[PDB]
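Asker: Below: one structure in structure tokens.
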Amino acid sequence: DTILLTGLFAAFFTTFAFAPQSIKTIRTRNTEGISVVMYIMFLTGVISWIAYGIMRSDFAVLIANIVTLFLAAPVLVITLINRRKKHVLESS
Amino acid sequence: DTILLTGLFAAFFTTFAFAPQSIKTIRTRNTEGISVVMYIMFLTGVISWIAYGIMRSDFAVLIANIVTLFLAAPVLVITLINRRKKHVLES
């Protein structure tokens, strides 16, 4: 109870601290400085964390990175789309 | 062993994906567009995670948040100095 309470408090603060910038970026679609490669690595760690949570039976590390997956994944997808739009625009 | 192997792989990628940007910002001291508050929140969870790693004997989540603390703490310390320096200069 004490351990899980502490972890959920740790969870909440880590994933939701900089979440407004992810949400803002998704809405605004301003991916001008975003690194595609740096997000790929980040997401690789995230999916792995989910797997690590399943193995160790840890709710906190599971729920945290599952949410952090869903906040970062669209940012990566949108960033890739914007670059693709740049490729076609430059090609024209 | 195989489980701890998975955690370290997860740890390495998450804490070192965006580490270059923090190291960059530390040296350049360009703390413009950096939230004091959002970093306050961040580091609070980090230390809480450190406490969680101790509590559940999870080596992987502990060292992950240990290192991540040394990437973030200088950024907040430096951005406080910058905002301070801007304030007295403006005054």
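Ligands are numbered from 1 in the order shown, chains are lettered A, B, ... in the order of the structure tokens, and residues start at 1 in each chain.
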Counting only C-alpha atoms, which residues from chain A have an atom at most 9 Å from any atom of chain B, and could you show them as a PyMOL selection string?
Answerer: chain A and resi 3-4+6-7+9-18+37-53+55-56+61
Asker: When you look at residue 70 in chain B with a cut-off of 12 Å (counting only C-alpha atoms), what residues show up, excluding the ones that are within fewer than 2 positions of it in the same chain? I need them as a PyMOL selection string.
Answerer: chain B and resi 15-16+19+22-23+26+43+46-47+63-68+72-77
Asker: For residue 77 in chain A, which of A:34, A:62, A:57, A:92 is the closest residue, counting only C-alpha atoms?
Answerer: A:34
Asker: What does the distance from CA of residue 84 in chain A to CA of residue 30 in chain A come to in Å, to one decimal?
Answerer: 14.3 Å
Asker: Give me the residues near residue 31 in chain A as a PyMOL selection string, where near means some atom within 10 Å (using only C-alpha atoms) and where sequence neighbours in that chain fewer than 2 positions away do not count.
Answerer: chain A and resi 25-26+28-29+33-36+75-76+78-83
Asker: Quick one: distance from CA of residue 32 in chain B to CA of residue 68 in chain A in Å, one decimal?
Answerer: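 Interatomic distance here is 24.9 Å.
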Asker: What is the CA of residue 83 in chain B-CA of residue 36 in chain B distance in Å, reported with one decimal?
Answerer: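 Answer for the CA of residue 83 in chain B to CA of residue 36 in chain B separation: 9.5 Å.
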Asker: Rank A:54, A:63, A:5, A:69 by their smallest atom-to-atom distance to residue 19 in chain A, using only C-alpha atoms, and report the top residue only.
Answerer: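 With only C-alpha atoms as the atom set, the closest residue is A:69.
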Asker: Check the DSSP output for the backbone and give back, as an MDAnalysis selection string, the residues of range 8-58 of chain B in helix (DSSP H, G or I).
Answerer: chainID B and resid 8:16 19:28 36:55
